[PDB]
Amino acid sequence: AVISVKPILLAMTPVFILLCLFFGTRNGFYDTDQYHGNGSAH
Amino acid sequence: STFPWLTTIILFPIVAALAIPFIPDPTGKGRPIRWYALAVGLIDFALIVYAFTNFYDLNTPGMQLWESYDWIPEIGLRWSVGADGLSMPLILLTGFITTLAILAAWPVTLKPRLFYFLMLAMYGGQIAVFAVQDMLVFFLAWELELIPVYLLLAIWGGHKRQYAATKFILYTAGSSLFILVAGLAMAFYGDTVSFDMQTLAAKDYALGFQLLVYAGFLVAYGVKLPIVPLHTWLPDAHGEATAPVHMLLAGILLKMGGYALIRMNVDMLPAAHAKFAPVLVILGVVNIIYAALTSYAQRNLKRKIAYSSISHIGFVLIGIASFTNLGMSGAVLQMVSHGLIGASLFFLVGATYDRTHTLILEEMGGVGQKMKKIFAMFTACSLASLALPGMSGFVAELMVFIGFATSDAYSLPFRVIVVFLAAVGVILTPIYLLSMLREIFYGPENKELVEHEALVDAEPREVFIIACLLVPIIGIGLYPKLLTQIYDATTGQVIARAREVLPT
Amino acid sequence: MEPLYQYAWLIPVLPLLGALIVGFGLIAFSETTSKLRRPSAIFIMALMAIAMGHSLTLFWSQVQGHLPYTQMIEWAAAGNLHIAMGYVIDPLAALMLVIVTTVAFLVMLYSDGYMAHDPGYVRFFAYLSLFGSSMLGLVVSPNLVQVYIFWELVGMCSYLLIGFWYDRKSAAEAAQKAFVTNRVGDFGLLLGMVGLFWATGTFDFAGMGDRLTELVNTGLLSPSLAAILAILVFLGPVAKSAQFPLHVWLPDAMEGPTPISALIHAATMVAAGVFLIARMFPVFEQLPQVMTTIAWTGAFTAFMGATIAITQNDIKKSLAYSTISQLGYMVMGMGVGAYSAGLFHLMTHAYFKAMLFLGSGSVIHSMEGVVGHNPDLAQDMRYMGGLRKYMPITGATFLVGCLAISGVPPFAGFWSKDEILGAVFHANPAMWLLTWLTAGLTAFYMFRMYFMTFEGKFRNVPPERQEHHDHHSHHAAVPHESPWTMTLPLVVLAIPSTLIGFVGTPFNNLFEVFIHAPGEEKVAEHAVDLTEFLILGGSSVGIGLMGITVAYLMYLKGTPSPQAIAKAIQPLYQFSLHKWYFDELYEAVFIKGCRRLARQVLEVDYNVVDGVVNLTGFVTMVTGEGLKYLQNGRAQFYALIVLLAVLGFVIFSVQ
Amino acid sequence: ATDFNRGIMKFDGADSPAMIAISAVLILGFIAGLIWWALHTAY
């Protein structure tokens with residue numbers, strides 16, 4: 001009796017994909033203040 | 001199983017990064033280019049899971065995505081790919097981190113057509129390191145992430161970028177040549193001129209010949225995986241980098257020097273491994289004690305955890321050079337654990353620098369009063385690097401200690417001193433990680449707040465990248481057989497190929 | 001039994017989900033969950049009360065005569081190297097199950113009173129259930145691996161809770177010290193856990209004692225070499241129970257919240273630091289040199305932390321110095337062998353230090369009324385004397401907490417305290433008369449804290465005269481500030497103190513020891529008599545009784561002044577006032593030394609091994625700037641090198 | 001060492017070049033002393 005990785009990775013993969021596409025749309029501070037500007041670490 | 005899977009997964013982000021100069025609508029910064037790189041990074045990671053959950057067929061020693069295409073019959077190099085147990089976790093780890101490294105590369109608006117080209121070229125070029133069963137394609141893929149990671153530091157980096165970028169490209173191209181030197185020395189040994197990693201492992205080499213090849217590979221792999229004499233390239237290029245570039249640097253590129261130590265220095269060179277295994281566990285402990293003190297002695301924030309990446313690497317060398325089925329199981333686990341722990345830590349350093357713009361850590365203090373979700377995630381990510389149980393940073397180091405001092409390879413006066421000295425890093429890692437948390441967030445004494453650090457917030461996307469990185473951190477910490485079942489049968493053949501060598 | 005014992009793993013994982021849910025609700029929904037402060041408290045408190053319902057019938061099933069029940073699930077397997085992690089339901093473990101979850105449900109009742117003025121109300125109940133879920137797994141642990149998953153886990157919750165407020169610079173440095181000093185104990189525990197898996201070969205406590213005694217008499221292990229294994233495992237509990245080398249973090253652990261101080265002295269100090277050595281008596285009983293080491297470092301801590309509690313004005317810091325000594329008073333009972341009584345001074349410590357700690361916070365929330373928010377020591381500004389003259393029910397509940405820790409005639413301590421005093425005057429009474437000397441001193445500093453702050457006048461006139469706070473004038477002087485959520489937990493934690501008026505009596509002292517059997521059935525004792533037990537008790541009650549009459553007369557003169565003591569014993573008074581001069585030894589040597597050793601590892605990195613790298617790039621740049629001067633125009637010179645190399649190659653190649 | 005000596009707990013006072021070489025021979029000698037230990041004490 002071993003919990004196998006394949007059924008829980010295949011079940012968490014479409015949860016992982018559609019949340020990356022959703023959480024990109026919802027974001028803050030990188031569009032309004034944004035005093036870092038173009039150079040991302042200058 | 002007839003479809004080219006690992007050939008596609010390697011070659012998909014390379015051929016799709018060529019469509020990045022042809023992406024329309026350049027309305028200001030590159031917003032559709034940013035969404036295009038996430039769209040291809042997500043569907044390429046889904047190809048890794050589709051090749052895993054349908055065609056990996058675990059507890060089977062050997063490659064199960066083995067596709068040996070002919071490229072140049074005159075030299076003898078083939079396009080031979082394949083994922084065994086030493087490759088498939090790191091192939092799955094590369095597809096997972098780089099997908100978030102595109103998501104971490106959202107505030108970059110400097111040269112967005114150039115950024116997501118080189119990051120996708122690293123996405124095809126890092127899977128290509130663990131997957132190929134060859135030498136001249138392995139040296140190709142090792143130096144495939146030589147130009148696009150140079151330009152990721154030299155354009156989007158801190159200050160002293162040009163010192164950090166040119167020191168790095170001279171230190172790794174000047175050390176990848178020993179993969180060509182030792183890879184050609186092994187293939188021309190004897191009579192068969194094969195270059196695949198299968199036949200070159202089964203070939204019998206002399207003991208004096210293998211000590212030159214082992215010394216050549218240790219110069220080549222002691223640079224990327226930072227063994228502490230050849231480590232000075234790291235905290236400059238890791239100290240001057242952005243958050244998404246750093247998740248590929250410490251998350252994946254450091255593990256290619258640890259993947260090839262188990263693959264090209266233990267499988268192919270077992271008799272030279274046994275003669276020079278006690279120098280690795282000495283170099284592995286002094287990887288920990290040197291870097292954890294240097295993390296405490298440094299006050300630059302991005303440079304502190306950059307040295308902490310060298311200390312968690314130090315437990316891999318004790319795991320490889322222990323000849324134990326549990327010791328080597330803790331070495332591959334430390335490569336997957338620190339890749340998830342570091343890419344979560346180094347994402348939050350670029351998140352903290354995006355609000356405070358200092359990294360000096362003297363003008364900081366009381367940041368946790370202003371932003372709260374960043375400090376709540378900076379604590380839990382630094383706690384995973386404390387080797388705290390319930391997280392994968394502990395069981396990766398627990399298997400190394402148990403795997404070392406149960407092995408019938410070293411003597412008893414040697415095994416006690418190494419385990420006692422490698423456990424000093426158990427004390428030393430809460431010294432600087434908690435002092436970094438204290439001298440940034442804990443306290444009332446804030447900054448000037450009028451010239452520097454005028455803004456403070458916490459984006460909900462930055463919460464998601466941390467929270468999805470802590471699921472394989474905690475989920476391996478509550479069940480370490482979730483990753484061990486990928487390489488339980490392959491590590492059992494790597495160690496047993498060296499168990500036949502140890503009476504020597 | 002079968003749905004009660006096979007689902008016994010629900011007791012750790014139920015309060016874990018209380019923090020998993022609201023932790024996911026604070027990191028993503030912080031606008032609503034911070035407003036949802038009152039319902040999320042009762043939601044977390046419900047799943048602790050459900051886990052209280054498990055342990056109250058799992059332990060009650062054990063005292064009726066049920067067998068111990070084990071379970072093991074594989075954790076991390078390899079070639080011939082397995083890790084197993086499950087649980088056991090032991091009468092020792094089931095007694096520890098009730099102790100940790102009664103005082104966790106009780107401190108959640110207390111938590112509604114000390115705050116709901118604090119905006120960190122929701123996060124406090126998240127961290128409280130994270131403490132319990134990490135500690136309810138430590139007590140059910142069958143293995144040395146399984147005690148180590150939750151050894152550093154409760155050290156994490158001890159780190160997160162001491163630095164709960166995180167806006168003080170004092171609580172900033174306090175939380176970091178508590179993790180490091182516990183990690184040195186975790187450094188010793190991890191060394192011995194691998195070291196005992198090396199020798200024996202299994203991680204369970206039952207399979208470790210029989211394997212250690214199999215090799216120490218055969219000749220495989222040495223009696224001197226295998227002795228160093230058990231002291232390393234013992235170095236774990238010397239950090240969590242605050243023994244002699246590692247006790248510095250306890251004066252600073254009082255910089256956190258007052259309800260946490262009751263839980264870091266009932267759940268991770270007297271519970272955790274005593275349970276691990278209690279489970280390892282299969283190992284320690286076969287090694288005599290280890291047990292005299294444990295008893296010696298317990299005997300000094302009963303004297304070390306005792307003297308620092310006197311001339312300590314702070315109420316929380318004086319209780320922290322007491323539980324240094326009372327733990328040392330208890331760990332030395334496990335050093336002399338008589339450890340069943342060491343586990344029955346466990347029940348009267350957790351329910352009475354929490355009586356003293358939670359009772360102290362009712363004084364602290366009262367002291368915010370007339371006095372400002374900064375001082376909480378022995379009272380100034382209407383100075384020390386009277387709080388119980390205002391007649392609160394919070395005043396009489398730490399007096400009975402102080403009454404049962406001295407050894408007084410009409411209450412507890414007459415039945416509980418002096419049982420390990422007769423067992424310690426057997427073997428080495430010269431080095432262990434020191435505990436009898438401080439036995440009147442534990443009666444000193446506890447009653448020194450009673451009538452200095454509760455008997456006199458503490459409402460007349462302010463000496464400092466600076467509060468000026470609207471949150472201090474609304475802090476409800478005349479000590480009824482303590483709301484209805486202090487009426488219950490300051491009383492219902494004493495309904496076992498009435499039960500110890502019935503259990504642990506001269507007909508129930510015997511019937512409890514038969515429950516707490518050792519690894520074998522044997523009970524070792526030197527000599528107990530019928531006639532000698534009265535003078536060993538009747539003279540041991542008097543030293544505790546005269547230890548408070550020298551305090552009843554000292555601190556009711558106004559000033560602590562018998563003759564030639566105002567001009568004090570400054571050779572010794574400078575030790576206790578400046579806190580043993582032990583914090584500055586650890587600071588000027590170890591902290592500065594690790595700031596000095598580490599610095600020259602950075603400068604040998606940046607200059608020596610980085611100088612070789614910046615010299616390979618320097619002797620190549622100045623090489624190309626030396627052969628740049630090889631060409632200089634003047635094409636006659638270019639024809640010279642062509643004609644010289646012709647003359648070179650005709651001598652070089654003819655031989 | 002001017003940037004290494006910020007206004008926090010560092011700058012102990014031994015950052016001289018006479019101390020850099022004498023810290024090198026102890027640190028690099030301990031690694032080499034453990035390496036030469038390793039090829040003989042192990043087996």
# chains A, B, ... in the order shown; residues from 1 in each chain; ligands from 1
>>> residues_around(residues="residue 238 of chain C", least_positions_apart="2", cutoff="9 Å", atoms="only C-alpha atoms", output="MDAnalysis selection string")
chainID C and resid 182 185 234:236 240:247 273 297
>>> interface_residues(of="chain A", to="chain C", cutoff="12 Å", atoms="only C-alpha atoms", output="PyMOL selection string")
chain A and resi 1-3+23
>>> interface_residues(of="chain D", to="chain C", cutoff="10 Å", atoms="only C-alpha atoms", output="short mmCIF file (atom, residue, chain, number, x, y, z; two decimals) with N, CA and C atoms, in the first residue's frame")
data_model
loop_
_atom_site.label_atom_id
_atom_site.label_comp_id
_atom_site.auth_asym_id
_atom_site.auth_seq_id
_atom_site.Cartn_x
_atom_site.Cartn_y
_atom_site.Cartn_z
N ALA D 1 36.99 46.35 1.70
CA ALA D 1 36.30 45.97 2.93
C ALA D 1 35.48 47.13 3.47
N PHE D 4 31.99 46.01 3.07
CA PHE D 4 31.76 44.91 4.00
C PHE D 4 31.58 45.40 5.43
N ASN D 5 32.08 46.59 5.74
CA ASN D 5 31.98 47.19 7.07
C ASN D 5 30.82 48.19 7.15
N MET D 9 26.37 44.86 12.86
CA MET D 9 27.23 44.13 13.80
C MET D 9 28.62 43.72 13.30
N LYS D 10 28.93 43.95 12.02
CA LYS D 10 30.25 43.65 11.47
C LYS D 10 31.26 44.74 11.82
N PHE D 11 32.40 44.75 11.11
CA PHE D 11 33.57 45.59 11.39
C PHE D 11 34.11 45.32 12.79
N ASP D 12 34.63 44.09 12.93
CA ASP D 12 35.27 43.68 14.18
C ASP D 12 36.59 44.42 14.41
N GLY D 13 37.33 44.71 13.34
CA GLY D 13 38.57 45.45 13.43
C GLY D 13 39.80 44.72 12.93
N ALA D 14 39.66 43.52 12.37
CA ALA D 14 40.78 42.72 11.89
C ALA D 14 40.74 42.54 10.38
N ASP D 15 40.44 43.61 9.65
CA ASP D 15 40.35 43.56 8.19
C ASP D 15 41.64 44.00 7.51
N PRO D 17 45.36 43.67 5.68
CA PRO D 17 45.97 42.65 4.81
C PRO D 17 46.95 41.73 5.52
N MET D 19 46.10 40.39 8.32
CA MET D 19 45.16 39.40 8.86
C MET D 19 44.53 38.55 7.77
N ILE D 20 44.51 39.04 6.53
CA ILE D 20 43.91 38.30 5.42
C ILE D 20 44.74 37.06 5.10
N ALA D 21 46.06 37.19 5.10
CA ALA D 21 46.92 36.05 4.80
C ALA D 21 46.99 35.07 5.96
N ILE D 22 46.91 35.56 7.20
CA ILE D 22 46.99 34.66 8.34
C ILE D 22 45.64 34.00 8.63
N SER D 23 44.55 34.54 8.10
CA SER D 23 43.29 33.81 8.11
C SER D 23 43.19 32.83 6.96
N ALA D 24 43.96 33.04 5.90
CA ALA D 24 43.93 32.14 4.76
C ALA D 24 44.64 30.83 5.07
N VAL D 25 45.79 30.90 5.76
CA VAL D 25 46.59 29.71 6.01
C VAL D 25 45.96 28.80 7.05
N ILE D 27 42.34 28.65 7.33
CA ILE D 27 41.12 28.17 6.69
C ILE D 27 41.45 27.18 5.58
N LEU D 28 42.35 27.56 4.67
CA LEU D 28 42.73 26.67 3.58
C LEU D 28 43.59 25.51 4.05
#
>>> residues_around(residues="residue 179 of chain B", least_positions_apart="3", cutoff="10 Å", atoms="only C-alpha atoms", output="PyMOL selection string")
chain B and resi 135-136+138-140+142+175-176+182-185+213+216-221+264
>>> interface_residues(of="chain C", to="chain B", cutoff="6 Å", atoms="only C-alpha atoms", output="count of residues only")
16
>>> interface_residues(of="chain A", to="chain B", cutoff="7 Å", atoms="only C-alpha atoms", output="ChimeraX atom specification")
/A:4-6,10,17,23-24,26-30,36,38-42
>>> closest_atom_pairs(of="chain B", to="chain D", cutoff="7 Å", atoms="only C-alpha atoms", output="CSV")
residue,atom,partner,partner_atom,distance
B:278,CA,D:38,CA,5.2
B:279,CA,D:35,CA,5.5
B:282,CA,D:35,CA,6.3
B:362,CA,D:8,CA,6.6
B:410,CA,D:42,CA,4.8
B:411,CA,D:42,CA,5.1
B:414,CA,D:42,CA,5.5
>>> write_last_selection(atoms="N, CA and C atoms", output="PDB file, in the first residue's frame")
ATOM      1  N   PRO B 278      36.188  10.093  -0.302  1.00  0.00           N
ATOM      2  CA  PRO B 278      36.384  10.834   0.956  1.00  0.00           C
ATOM      3  C   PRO B 278      36.796  12.288   0.784  1.00  0.00           C
ATOM      4  N   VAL B 279      37.295  12.694  -0.382  1.00  0.00           N
ATOM      5  CA  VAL B 279      37.559  14.114  -0.582  1.00  0.00           C
ATOM      6  C   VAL B 279      36.268  14.868  -0.873  1.00  0.00           C
ATOM      7  N   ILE B 282      34.520  15.549   2.465  1.00  0.00           N
ATOM      8  CA  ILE B 282      35.246  16.631   3.113  1.00  0.00           C
ATOM      9  C   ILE B 282      34.898  17.957   2.455  1.00  0.00           C
ATOM     10  N   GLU B 362      20.661  47.400   6.057  1.00  0.00           N
ATOM     11  CA  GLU B 362      20.841  48.362   7.136  1.00  0.00           C
ATOM     12  C   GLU B 362      19.729  49.399   7.163  1.00  0.00           C
ATOM     13  N   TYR B 410      33.310   3.542   4.740  1.00  0.00           N
ATOM     14  CA  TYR B 410      34.304   4.244   5.531  1.00  0.00           C
ATOM     15  C   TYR B 410      34.486   3.567   6.886  1.00  0.00           C
ATOM     16  N   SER B 411      35.565   3.935   7.564  1.00  0.00           N
ATOM     17  CA  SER B 411      35.833   3.444   8.904  1.00  0.00           C
ATOM     18  C   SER B 411      35.053   4.258   9.925  1.00  0.00           C
ATOM     19  N   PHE B 414      36.276   7.857  10.864  1.00  0.00           N
ATOM     20  CA  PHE B 414      36.005   8.852   9.837  1.00  0.00           C
ATOM     21  C   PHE B 414      34.541   9.266   9.806  1.00  0.00           C
TER      22      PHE B 414
END
>>> residues_around(residues="segment 546-563 of chain C", least_positions_apart="6", cutoff="9 Å", atoms="only C-alpha atoms", output="MDAnalysis selection string")
chainID C and resid 385 406 439:448 451:452 455:456
>>> write_last_selection(atoms="N, CA and C atoms", output="PDB file, in the first residue's frame")
ATOM      1  N   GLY C 385       2.333  47.145  47.194  1.00  0.00           N
ATOM      2  CA  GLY C 385       1.590  46.354  48.166  1.00  0.00           C
ATOM      3  C   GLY C 385       0.318  45.594  47.821  1.00  0.00           C
ATOM      4  N   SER C 406       5.097  24.808  47.351  1.00  0.00           N
ATOM      5  CA  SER C 406       6.015  24.869  48.480  1.00  0.00           C
ATOM      6  C   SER C 406       6.071  23.569  49.270  1.00  0.00           C
ATOM      7  N   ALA C 439      14.885  24.041  48.643  1.00  0.00           N
ATOM      8  CA  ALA C 439      13.491  23.662  48.862  1.00  0.00           C
ATOM      9  C   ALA C 439      12.754  24.711  49.683  1.00  0.00           C
ATOM     10  N   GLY C 440      13.449  25.362  50.614  1.00  0.00           N
ATOM     11  CA  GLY C 440      12.910  26.541  51.256  1.00  0.00           C
ATOM     12  C   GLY C 440      13.016  27.798  50.428  1.00  0.00           C
ATOM     13  N   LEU C 441      13.763  27.747  49.328  1.00  0.00           N
ATOM     14  CA  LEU C 441      13.886  28.898  48.447  1.00  0.00           C
ATOM     15  C   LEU C 441      12.831  28.891  47.347  1.00  0.00           C
ATOM     16  N   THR C 442      12.390  27.713  46.888  1.00  0.00           N
ATOM     17  CA  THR C 442      11.198  27.662  46.042  1.00  0.00           C
ATOM     18  C   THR C 442       9.964  28.122  46.800  1.00  0.00           C
ATOM     19  N   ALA C 443       9.927  27.886  48.112  1.00  0.00           N
ATOM     20  CA  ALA C 443       8.903  28.495  48.944  1.00  0.00           C
ATOM     21  C   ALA C 443       9.135  29.986  49.135  1.00  0.00           C
ATOM     22  N   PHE C 444      10.372  30.461  48.964  1.00  0.00           N
ATOM     23  CA  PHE C 444      10.655  31.881  49.125  1.00  0.00           C
ATOM     24  C   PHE C 444      10.103  32.676  47.949  1.00  0.00           C
ATOM     25  N   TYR C 445      10.621  32.442  46.732  1.00  0.00           N
ATOM     26  CA  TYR C 445      10.347  33.355  45.621  1.00  0.00           C
ATOM     27  C   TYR C 445       8.908  33.286  45.132  1.00  0.00           C
ATOM     28  N   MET C 446       8.204  32.186  45.398  1.00  0.00           N
ATOM     29  CA  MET C 446       6.798  32.112  45.030  1.00  0.00           C
ATOM     30  C   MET C 446       5.951  32.953  45.970  1.00  0.00           C
ATOM     31  N   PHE C 447       6.194  32.833  47.274  1.00  0.00           N
ATOM     32  CA  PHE C 447       5.502  33.686  48.224  1.00  0.00           C
ATOM     33  C   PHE C 447       6.103  35.078  48.291  1.00  0.00           C
ATOM     34  N   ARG C 448       7.334  35.257  47.800  1.00  0.00           N
ATOM     35  CA  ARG C 448       7.852  36.603  47.584  1.00  0.00           C
ATOM     36  C   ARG C 448       7.065  37.318  46.498  1.00  0.00           C
ATOM     37  N   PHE C 451       2.639  38.169  48.384  1.00  0.00           N
ATOM     38  CA  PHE C 451       2.220  39.283  49.225  1.00  0.00           C
ATOM     39  C   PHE C 451       3.044  40.544  49.017  1.00  0.00           C
ATOM     40  N   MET C 452       3.996  40.539  48.083  1.00  0.00           N
ATOM     41  CA  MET C 452       4.606  41.799  47.681  1.00  0.00           C
ATOM     42  C   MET C 452       3.679  42.570  46.753  1.00  0.00           C
ATOM     43  N   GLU C 455      -0.646  42.256  49.014  1.00  0.00           N
ATOM     44  CA  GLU C 455      -0.939  42.611  50.402  1.00  0.00           C
ATOM     45  C   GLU C 455      -0.269  43.936  50.730  1.00  0.00           C
ATOM     46  N   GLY C 456      -1.075  44.982  50.906  1.00  0.00           N
ATOM     47  CA  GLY C 456      -0.561  46.301  51.220  1.00  0.00           C
ATOM     48  C   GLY C 456      -1.423  47.414  50.662  1.00  0.00           C
TER      49      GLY C 456
END
>>> select_by_dssp(residues="segment 9-38 of chain A", states="helix (DSSP H, G or I)", output="MDAnalysis selection string")
chainID A and resid 9:23
